[PDB]
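*Asks:* First, the structure itself, so that you have it in front of you.
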Amino acid sequence: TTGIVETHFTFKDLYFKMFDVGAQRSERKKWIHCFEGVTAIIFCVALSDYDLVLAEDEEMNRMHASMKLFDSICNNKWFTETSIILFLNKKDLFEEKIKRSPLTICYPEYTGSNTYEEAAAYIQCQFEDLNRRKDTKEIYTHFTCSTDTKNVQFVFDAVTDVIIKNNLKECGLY
Amino acid sequence: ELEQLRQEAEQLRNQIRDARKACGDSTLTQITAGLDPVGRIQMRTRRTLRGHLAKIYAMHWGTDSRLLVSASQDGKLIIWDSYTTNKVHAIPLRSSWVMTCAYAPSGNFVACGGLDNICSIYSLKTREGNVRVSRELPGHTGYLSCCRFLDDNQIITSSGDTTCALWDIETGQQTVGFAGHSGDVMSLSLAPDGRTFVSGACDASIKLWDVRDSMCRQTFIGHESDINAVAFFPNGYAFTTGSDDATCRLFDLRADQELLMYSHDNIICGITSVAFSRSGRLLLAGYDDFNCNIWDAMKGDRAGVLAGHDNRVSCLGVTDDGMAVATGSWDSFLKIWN
Amino acid sequence: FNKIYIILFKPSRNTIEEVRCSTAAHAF
Amino acid sequence: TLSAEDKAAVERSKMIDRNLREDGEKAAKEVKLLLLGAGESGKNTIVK
Amino acid sequence: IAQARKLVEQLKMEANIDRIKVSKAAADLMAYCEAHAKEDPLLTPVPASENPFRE
């Protein structure tokens, strides 16, 4: 059935629990305060979606919608001290499609070449600059893929950093 | 002839509005001006209930006016004997994202729901000792906001999929399905006779339904924001509503319009819950500013404050004998004022 | 004294971001 | 001073509270992460 | 378009609701409040001897 999906896994003696709420097709301003006390918010953004367009509007890049959703959930009144772990996915499809089409299709003021690195850093910067609260929260960004287990390692390290910094703030030492 | 249908609907709305205007010959405050004020009302925290380790989102008294149930985001459903503060049961839950609970009018069952879009029925009396699940009610595609019992075999639920529903507990299929709102239905209030019920939604409107027909009978507007809670007047022909515009409003069924608004200039936060007293004179409403204000329902002047919660006053309930009030907050503490 | 040297002269190191970046560099 | 049923209720309440304490202590030790994105956002792949 | 027809029919049904003037409804509410006032402890604090939540 639909609803929130709950996932458990143990990694280096830590029991990670994750809650997928993509099945919730309703107003998010009525249940998002339930997740007020979460260690981190893992946000997935597909890099290969700059060329694509959402069929609902036919003039709406899915990357712009991802940016809107990320900004909405980042600067929420409840997540004022919660860290966000960004996952820029499908780096390979981006690698070929940037060779085919420039990133100017999505952002009209890109002003750059068609190499993977410039566009990747550009999308990362455009996402991270949407963090208006640059004092009490941090964004950790990855590029995933690699068909490996480095993703859980990155999540573990980022969660450990979040926990340590939370303790430091609670002590006043940060 | 779609435009003809639009014109016909506009004509119907215009004539309904004309009837509503013609009904108005006075105001509730004008008639009640002669009545004597309640004066200051002061209640003290007699019993404080502890044990929840997260925000309490719901509660519901029992018909015996002694036992109540509390639901919290720690994933428990605790049943309290308020007289002695002794806990009776603590039901573990499949999911922790609970947003509502209810107590069967006989005392034999409880219900809970939340972000799993499932209503779950728990039988308090068991030959197995544990309060194990007696019934699951899938079918909603949104978070389940409220739920109430008609009898041991009938339950009404509302949800974020913009529809309410009646259920056959033994069958497990919905008998009657109420659609017609345009936003997430957030609360409902069953009448004492059990034949009708009102339900307010994020569409800034309330609708009155009869549970035999799945056909809306009346629709009330007037609020500017989401309807967070509704309570139904003891007489049976009126009901109050709280909302995010920091106001409560009293609607009368037999006049099909408002009768009074309860607000003040020094209040800006929204209302989380409203409830009436036994006679109906008192309107107790809980706010986001950690306070439960009491209004003279017949005049609109504030008559007291219940303070002592450190966080949002989520839920509010008055006993059937009308002797005490119970408040539950995000600070994980239930209190009993009396 | 060293810390004083940081606070008055070279005051561009008096940032929350640098401190959090180093504490991340601890075990990340 | 107290009835036998009253003592039984008291010890039942104490057992319930002790179990609640154990469950809270257990629930304290895990990390809760909120996963967000879109269907075609690599969300399923990152869960993988 | 069928939704429009259903909406029109529902509005027709709601139009024919028999209504009353504000005066009678207000009188009924006030009469109920006055009639059931003595059995409302939250208004009339009952003595400690009749209070089962006494401290």
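Chain lettering (A, B, ...) mirrors the order of the structure tokens, residue numbering begins at 1 for each chain separately, and ligand numbering begins at 1 in order of display.
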Can I get the residues of chain A within 9 Å of chain D, each with the closest pair of atoms and their distance in Å to one decimal, using only C-alpha atoms, sorted chain first then ascending number, as CSV?

*Replies:*
residue,atom,partner,partner_atom,distance
A:7,CA,D:47,CA,8.9
A:14,CA,D:30,CA,6.6
A:15,CA,D:30,CA,5.0
A:16,CA,D:31,CA,4.9
A:17,CA,D:32,CA,4.9
A:18,CA,D:33,CA,4.8
A:19,CA,D:34,CA,5.3
A:20,CA,D:35,CA,5.3
A:21,CA,D:36,CA,7.0
A:22,CA,D:38,CA,6.9
A:35,CA,D:34,CA,7.4
A:37,CA,D:32,CA,8.3
A:38,CA,D:32,CA,5.3
A:39,CA,D:32,CA,5.8
A:40,CA,D:33,CA,5.1
A:41,CA,D:34,CA,4.7
A:42,CA,D:35,CA,4.8
A:43,CA,D:36,CA,4.9
A:44,CA,D:37,CA,4.9
A:45,CA,D:41,CA,5.1
A:46,CA,D:41,CA,4.6
A:47,CA,D:41,CA,8.4
A:49,CA,D:41,CA,8.4
A:66,CA,D:37,CA,7.4
A:69,CA,D:37,CA,7.9
A:70,CA,D:37,CA,8.2
A:87,CA,D:46,CA,8.3
A:88,CA,D:42,CA,8.4
A:89,CA,D:42,CA,5.8
A:90,CA,D:42,CA,7.1
A:144,CA,D:46,CA,7.8
A:145,CA,D:46,CA,8.5
A:151,CA,D:46,CA,7.8
A:159,CA,D:31,CA,8.3

*Asks:* With a cut-off of 6 Å and counting only C-alpha atoms, select all residues of chain E in contact with chain B and give the selection as a list in words.

*Replies:* residues 8, 15, 19, 20, 21, 22, 26, 33, 36, 37, 40, 41 and 55 of chain E

*Asks:* Can I get the selected residues back with C-alpha atoms, as a PDB file, in the first residue's frame?

*Replies:*
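The file below, out33.pdb, is the result:
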ATOM      1  CA  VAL E   8     -25.770  21.846  -9.836  1.00  0.00           C
ATOM      2  CA  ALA E  15     -31.082  25.764  -1.895  1.00  0.00           C
ATOM      3  CA  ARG E  19     -34.125  28.086   7.311  1.00  0.00           C
ATOM      4  CA  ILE E  20     -34.962  29.995  10.476  1.00  0.00           C
ATOM      5  CA  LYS E  21     -34.206  33.575  11.558  1.00  0.00           C
ATOM      6  CA  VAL E  22     -31.207  34.307  13.792  1.00  0.00           C
ATOM      7  CA  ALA E  26     -29.983  32.436  19.371  1.00  0.00           C
ATOM      8  CA  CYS E  33     -27.157  27.188  28.190  1.00  0.00           C
ATOM      9  CA  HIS E  36     -28.142  23.090  31.736  1.00  0.00           C
ATOM     10  CA  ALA E  37     -26.061  25.596  33.710  1.00  0.00           C
ATOM     11  CA  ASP E  40     -21.701  22.444  34.295  1.00  0.00           C
ATOM     12  CA  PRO E  41     -18.903  22.252  36.891  1.00  0.00           C
ATOM     13  CA  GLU E  55      -5.671  17.331  44.808  1.00  0.00           C
TER      14      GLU E  55
END

*Asks:* Just want the 9 Å neighbourhood of residue C:23, counted on only C-alpha atoms, with same-chain residues fewer than 5 positions away dropped. Output as an MDAnalysis selection string.

*Replies:* (chainID A and resid 161 164:165) or (chainID C and resid 18 28)

*Asks:* Based on DSSP run over this structure's backbone, return all residues of stretch 71-303 of chain B in strand (DSSP E), as a ChimeraX atom specification.

*Replies:* /B:71-72,76-81,87-92,98-103,109-114,119-123,133-137,144-151,154-159,163-168,173-179,185-190,196-201,205-210,216-220,227-232,238-243,248-252,257-262,271-276,282-287,291-296,302-303

*Asks:* Those same residues, written as a compact mmCIF listing (two decimals), in the first residue's frame with C-alpha atoms?

*Replies:*
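Dumped everything to part_0.txt:
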# COMPACT_ATOMS: atom_id res chain seq x y z
CA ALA B 71 -1.21 8.98 21.01
CA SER B 72 2.32 10.28 20.49
CA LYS B 76 2.84 4.27 21.60
CA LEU B 77 -0.84 4.41 22.53
CA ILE B 78 -1.22 4.82 26.29
CA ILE B 79 -4.47 4.40 28.22
CA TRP B 80 -4.66 6.35 31.48
CA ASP B 81 -6.86 6.01 34.55
CA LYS B 87 -1.57 3.52 33.35
CA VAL B 88 -3.84 0.72 32.15
CA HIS B 89 -2.38 -0.28 28.77
CA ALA B 90 0.50 0.80 26.56
CA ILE B 91 -0.03 -0.40 22.98
CA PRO B 92 3.04 -0.52 20.71
CA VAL B 98 0.39 8.81 14.47
CA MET B 99 -1.82 11.86 14.02
CA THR B 100 -5.13 10.79 15.60
CA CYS B 101 -6.75 8.43 18.08
CA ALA B 102 -10.25 7.64 19.32
CA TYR B 103 -11.93 5.76 22.15
CA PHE B 109 -11.94 -0.57 21.30
CA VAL B 110 -9.56 2.20 20.28
CA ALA B 111 -8.40 3.44 16.89
CA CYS B 112 -5.35 5.15 15.47
CA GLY B 113 -4.03 6.42 12.15
CA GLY B 114 -1.45 8.67 10.60
CA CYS B 119 -6.84 3.13 10.42
CA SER B 120 -6.08 0.45 13.00
CA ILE B 121 -8.55 -0.89 15.58
CA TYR B 122 -7.33 -2.31 18.89
CA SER B 123 -9.55 -4.42 21.15
CA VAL B 133 -4.81 -5.49 16.15
CA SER B 134 -8.41 -6.45 15.47
CA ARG B 135 -8.83 -4.62 12.14
CA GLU B 136 -6.91 -2.68 9.50
CA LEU B 137 -8.71 -0.25 7.18
CA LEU B 144 -5.51 9.97 8.06
CA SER B 145 -6.38 13.11 10.01
CA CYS B 146 -9.31 12.18 12.29
CA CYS B 147 -11.45 9.17 13.17
CA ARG B 148 -14.51 8.51 15.32
CA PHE B 149 -16.75 5.59 16.27
CA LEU B 150 -20.46 5.30 15.61
CA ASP B 151 -20.66 1.89 17.30
CA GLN B 154 -18.79 1.46 12.40
CA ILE B 155 -16.06 4.10 12.15
CA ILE B 156 -15.78 7.40 10.26
CA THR B 157 -12.37 8.58 9.07
CA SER B 158 -11.11 11.69 7.31
CA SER B 159 -7.92 11.98 5.29
CA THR B 163 -12.58 12.42 1.29
CA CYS B 164 -14.23 11.06 4.42
CA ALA B 165 -15.50 7.51 4.71
CA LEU B 166 -17.69 5.21 6.78
CA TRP B 167 -16.42 1.70 7.34
CA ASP B 168 -17.78 -1.73 8.20
CA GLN B 173 -14.91 -2.27 3.24
CA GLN B 174 -16.18 1.29 3.24
CA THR B 175 -19.97 1.48 3.00
CA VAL B 176 -20.33 5.24 2.41
CA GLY B 177 -17.79 7.60 0.90
CA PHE B 178 -18.06 11.38 1.34
CA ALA B 179 -16.39 13.44 -1.39
CA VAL B 185 -9.90 17.30 5.50
CA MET B 186 -8.31 17.87 8.90
CA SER B 187 -11.02 17.20 11.49
CA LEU B 188 -14.54 15.92 12.01
CA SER B 189 -17.07 16.09 14.84
CA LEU B 190 -19.73 13.42 15.24
CA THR B 196 -24.84 13.63 11.07
CA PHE B 197 -21.28 14.92 11.26
CA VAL B 198 -19.37 18.01 10.16
CA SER B 199 -15.88 18.00 8.69
CA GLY B 200 -13.58 20.95 8.07
CA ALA B 201 -10.90 21.01 5.42
CA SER B 205 -14.79 25.33 4.46
CA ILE B 206 -16.88 22.99 6.59
CA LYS B 207 -19.39 20.51 5.22
CA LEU B 208 -22.25 18.67 6.92
CA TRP B 209 -22.84 15.03 5.99
CA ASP B 210 -25.53 12.50 6.84
CA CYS B 216 -23.48 16.87 1.37
CA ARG B 217 -26.35 18.72 3.02
CA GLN B 218 -24.85 22.11 3.93
CA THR B 219 -21.57 23.92 3.30
CA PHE B 220 -20.27 26.72 5.53
CA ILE B 227 -9.76 24.57 9.40
CA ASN B 228 -7.69 22.84 12.07
CA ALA B 229 -10.43 21.62 14.42
CA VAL B 230 -14.21 21.53 14.78
CA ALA B 231 -16.40 20.89 17.81
CA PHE B 232 -20.12 20.27 17.84
CA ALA B 238 -24.57 24.43 16.10
CA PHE B 239 -20.81 23.93 15.99
CA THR B 240 -17.62 25.92 16.54
CA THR B 241 -14.50 25.87 14.37
CA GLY B 242 -10.91 26.91 14.96
CA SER B 243 -8.48 27.78 12.20
CA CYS B 248 -12.86 30.63 16.19
CA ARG B 249 -16.35 30.87 14.71
CA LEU B 250 -19.76 29.61 15.82
CA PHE B 251 -22.03 28.35 13.03
CA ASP B 252 -25.72 27.51 13.40
CA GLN B 257 -24.66 31.10 8.67
CA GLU B 258 -22.35 32.28 11.43
CA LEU B 259 -23.48 33.54 14.81
CA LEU B 260 -20.32 34.86 16.49
CA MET B 261 -16.56 35.18 16.05
CA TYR B 262 -14.03 34.67 18.86
CA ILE B 271 -5.72 27.25 16.81
CA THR B 272 -4.95 23.54 17.13
CA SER B 273 -8.08 22.31 18.91
CA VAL B 274 -11.46 23.52 20.16
CA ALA B 275 -13.97 21.99 22.56
CA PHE B 276 -17.16 22.96 24.37
CA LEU B 282 -17.66 27.75 27.55
CA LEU B 283 -15.54 27.50 24.41
CA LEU B 284 -12.08 26.15 25.24
CA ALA B 285 -9.58 26.60 22.41
CA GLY B 286 -5.91 25.68 22.29
CA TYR B 287 -3.37 27.79 20.41
CA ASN B 291 -2.16 28.65 25.87
CA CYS B 292 -5.73 27.37 26.06
CA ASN B 293 -8.13 30.32 26.15
CA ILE B 294 -11.70 30.10 27.44
CA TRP B 295 -14.40 32.24 25.83
CA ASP B 296 -17.96 32.87 26.85
CA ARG B 302 -12.39 35.86 27.06
CA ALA B 303 -12.95 34.26 30.45

*Asks:* Using only C-alpha atoms, which protein or nucleic acid residues come within 12 Å of residue C:21? Drop anything in the same chain fewer than 5 positions from it, and give the result as an NGL selection string.

*Replies:* (:A and (138-140 or 158 or 161-162 or 165 or 174)) or (:C and (15-16 or 26-28))

*Asks:* Can those selected residues be exported to a file as a PDB file, in the first residue's frame so that it contains N, CA, C and O atoms?

*Replies:*
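Dumped to again-v9.pdb:
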ATOM      1  N   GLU A 138      24.347  22.884   7.448  1.00  0.00           N
ATOM      2  CA  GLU A 138      25.395  22.592   6.485  1.00  0.00           C
ATOM      3  C   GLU A 138      24.861  21.646   5.420  1.00  0.00           C
ATOM      4  O   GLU A 138      24.005  20.801   5.692  1.00  0.00           O
ATOM      5  N   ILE A 139      25.371  21.801   4.201  1.00  0.00           N
ATOM      6  CA  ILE A 139      25.010  20.949   3.077  1.00  0.00           C
ATOM      7  C   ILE A 139      26.234  20.143   2.674  1.00  0.00           C
ATOM      8  O   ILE A 139      27.298  20.713   2.410  1.00  0.00           O
ATOM      9  N   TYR A 140      26.084  18.824   2.632  1.00  0.00           N
ATOM     10  CA  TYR A 140      27.132  17.920   2.182  1.00  0.00           C
ATOM     11  C   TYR A 140      26.719  17.316   0.850  1.00  0.00           C
ATOM     12  O   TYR A 140      25.657  16.692   0.751  1.00  0.00           O
ATOM     13  N   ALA A 158      29.062  11.972   7.144  1.00  0.00           N
ATOM     14  CA  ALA A 158      28.318  13.217   7.298  1.00  0.00           C
ATOM     15  C   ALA A 158      27.454  13.197   8.553  1.00  0.00           C
ATOM     16  O   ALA A 158      27.348  14.210   9.252  1.00  0.00           O
ATOM     17  N   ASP A 161      29.703  13.802  11.502  1.00  0.00           N
ATOM     18  CA  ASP A 161      30.002  15.228  11.586  1.00  0.00           C
ATOM     19  C   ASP A 161      28.829  16.012  12.159  1.00  0.00           C
ATOM     20  O   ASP A 161      29.012  16.915  12.983  1.00  0.00           O
ATOM     21  N   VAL A 162      27.611  15.687  11.724  1.00  0.00           N
ATOM     22  CA  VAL A 162      26.429  16.389  12.218  1.00  0.00           C
ATOM     23  C   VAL A 162      26.276  16.173  13.717  1.00  0.00           C
ATOM     24  O   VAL A 162      25.988  17.109  14.470  1.00  0.00           O
ATOM     25  N   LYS A 165      29.003  18.180  15.618  1.00  0.00           N
ATOM     26  CA  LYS A 165      28.722  19.610  15.634  1.00  0.00           C
ATOM     27  C   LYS A 165      27.505  19.938  16.485  1.00  0.00           C
ATOM     28  O   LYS A 165      27.457  21.005  17.103  1.00  0.00           O
ATOM     29  N   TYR A 174      30.803  26.146  19.568  1.00  0.00           N
ATOM     30  CA  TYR A 174      30.740  26.343  18.127  1.00  0.00           C
ATOM     31  C   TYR A 174      29.615  27.298  17.767  1.00  0.00           C
ATOM     32  O   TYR A 174      28.553  27.286  18.382  1.00  0.00           O
TER      33      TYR A 174
ATOM     34  N   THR C  15      35.764  33.044  11.228  1.00  0.00           N
ATOM     35  CA  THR C  15      34.561  32.611  10.532  1.00  0.00           C
ATOM     36  C   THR C  15      34.087  31.272  11.080  1.00  0.00           C
ATOM     37  O   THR C  15      34.898  30.395  11.389  1.00  0.00           O
ATOM     38  N   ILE C  16      32.764  31.129  11.205  1.00  0.00           N
ATOM     39  CA  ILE C  16      32.176  29.851  11.599  1.00  0.00           C
ATOM     40  C   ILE C  16      32.497  28.782  10.562  1.00  0.00           C
ATOM     41  O   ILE C  16      32.726  27.610  10.898  1.00  0.00           O
ATOM     42  N   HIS C  26      38.263  16.627  10.534  1.00  0.00           N
ATOM     43  CA  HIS C  26      38.678  15.700  11.583  1.00  0.00           C
ATOM     44  C   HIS C  26      38.433  14.250  11.174  1.00  0.00           C
ATOM     45  O   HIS C  26      39.375  13.459  11.047  1.00  0.00           O
ATOM     46  N   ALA C  27      37.168  13.881  10.961  1.00  0.00           N
ATOM     47  CA  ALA C  27      36.794  12.497  10.677  1.00  0.00           C
ATOM     48  C   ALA C  27      35.826  12.438   9.492  1.00  0.00           C
ATOM     49  O   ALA C  27      34.792  11.777   9.522  1.00  0.00           O
ATOM     50  N   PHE C  28      36.166  13.152   8.424  1.00  0.00           N
ATOM     51  CA  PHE C  28      35.370  13.155   7.198  1.00  0.00           C
ATOM     52  C   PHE C  28      36.261  13.473   6.005  1.00  0.00           C
ATOM     53  O   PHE C  28      37.165  14.302   6.097  1.00  0.00           O
TER      54      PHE C  28
END

*Asks:* Which chain D residues are at most 7 Å from chain B (counting only C-alpha atoms), as a PDB file with N, CA and C atoms, in the first residue's frame?

*Replies:*
ATOM      1  N   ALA D   9      -3.073  -2.627  40.235  1.00  0.00           N
ATOM      2  CA  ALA D   9      -3.016  -1.523  39.284  1.00  0.00           C
ATOM      3  C   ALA D   9      -1.706  -0.758  39.413  1.00  0.00           C
ATOM      4  N   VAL D  10      -1.241  -0.553  40.647  1.00  0.00           N
ATOM      5  CA  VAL D  10       0.010   0.174  40.857  1.00  0.00           C
ATOM      6  C   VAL D  10       1.183  -0.574  40.232  1.00  0.00           C
ATOM      7  N   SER D  13       1.029  -0.402  36.464  1.00  0.00           N
ATOM      8  CA  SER D  13       1.503   0.894  35.994  1.00  0.00           C
ATOM      9  C   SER D  13       3.023   0.969  36.040  1.00  0.00           C
ATOM     10  N   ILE D  16       4.436  -1.033  33.185  1.00  0.00           N
ATOM     11  CA  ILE D  16       4.243  -0.306  31.932  1.00  0.00           C
ATOM     12  C   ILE D  16       5.277   0.805  31.801  1.00  0.00           C
ATOM     13  N   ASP D  17       5.498   1.554  32.884  1.00  0.00           N
ATOM     14  CA  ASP D  17       6.471   2.641  32.847  1.00  0.00           C
ATOM     15  C   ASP D  17       7.887   2.118  32.639  1.00  0.00           C
ATOM     16  N   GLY D  24      12.249   3.706  25.269  1.00  0.00           N
ATOM     17  CA  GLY D  24      12.847   5.002  24.987  1.00  0.00           C
ATOM     18  C   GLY D  24      14.360   4.934  24.913  1.00  0.00           C
TER      19      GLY D  24
END

*Asks:* Using DSSP assignments from the backbone, pull out every residue in chain E that falls under alpha helix (DSSP H) and give it to me as a ChimeraX atom specification.

*Replies:* /E:2-15,22-35

*Asks:* Which residues of chain B are close to chain A, meaning at most 7 Å apart when you count only C-alpha atoms, and how do they look as a PDB file with N, CA, C and O atoms, in the first residue's frame?

*Replies:*
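The result, stored in result34.pdb:
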ATOM      1  N   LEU B 115       0.388   8.725   9.006  1.00  0.00           N
ATOM      2  CA  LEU B 115       0.998   8.859   7.692  1.00  0.00           C
ATOM      3  C   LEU B 115       1.064   7.545   6.926  1.00  0.00           C
ATOM      4  O   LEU B 115       1.529   7.534   5.783  1.00  0.00           O
ATOM      5  N   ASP B 116       0.618   6.442   7.520  1.00  0.00           N
ATOM      6  CA  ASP B 116       0.529   5.180   6.803  1.00  0.00           C
ATOM      7  C   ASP B 116      -0.791   5.014   6.068  1.00  0.00           C
ATOM      8  O   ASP B 116      -0.996   3.980   5.422  1.00  0.00           O
ATOM      9  N   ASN B 117      -1.687   6.000   6.162  1.00  0.00           N
ATOM     10  CA  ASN B 117      -2.969   6.001   5.460  1.00  0.00           C
ATOM     11  C   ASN B 117      -3.841   4.818   5.865  1.00  0.00           C
ATOM     12  O   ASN B 117      -4.686   4.364   5.092  1.00  0.00           O
ATOM     13  N   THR B 141      -5.659   7.296   0.356  1.00  0.00           N
ATOM     14  CA  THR B 141      -4.389   7.594  -0.296  1.00  0.00           C
ATOM     15  C   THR B 141      -3.740   8.853   0.267  1.00  0.00           C
ATOM     16  O   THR B 141      -2.878   9.448  -0.383  1.00  0.00           O
ATOM     17  N   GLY B 142      -4.138   9.269   1.467  1.00  0.00           N
ATOM     18  CA  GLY B 142      -3.530  10.405   2.129  1.00  0.00           C
ATOM     19  C   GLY B 142      -3.478  10.144   3.616  1.00  0.00           C
ATOM     20  O   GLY B 142      -4.053   9.177   4.117  1.00  0.00           O
ATOM     21  N   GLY B 160      -6.228  13.192   4.085  1.00  0.00           N
ATOM     22  CA  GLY B 160      -5.686  14.185   3.182  1.00  0.00           C
ATOM     23  C   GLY B 160      -5.997  13.953   1.725  1.00  0.00           C
ATOM     24  O   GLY B 160      -5.684  14.808   0.893  1.00  0.00           O
ATOM     25  N   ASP B 161      -6.602  12.812   1.392  1.00  0.00           N
ATOM     26  CA  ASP B 161      -7.110  12.595   0.043  1.00  0.00           C
ATOM     27  C   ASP B 161      -8.451  13.268  -0.189  1.00  0.00           C
ATOM     28  O   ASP B 161      -9.140  12.908  -1.150  1.00  0.00           O
TER      29      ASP B 161
END
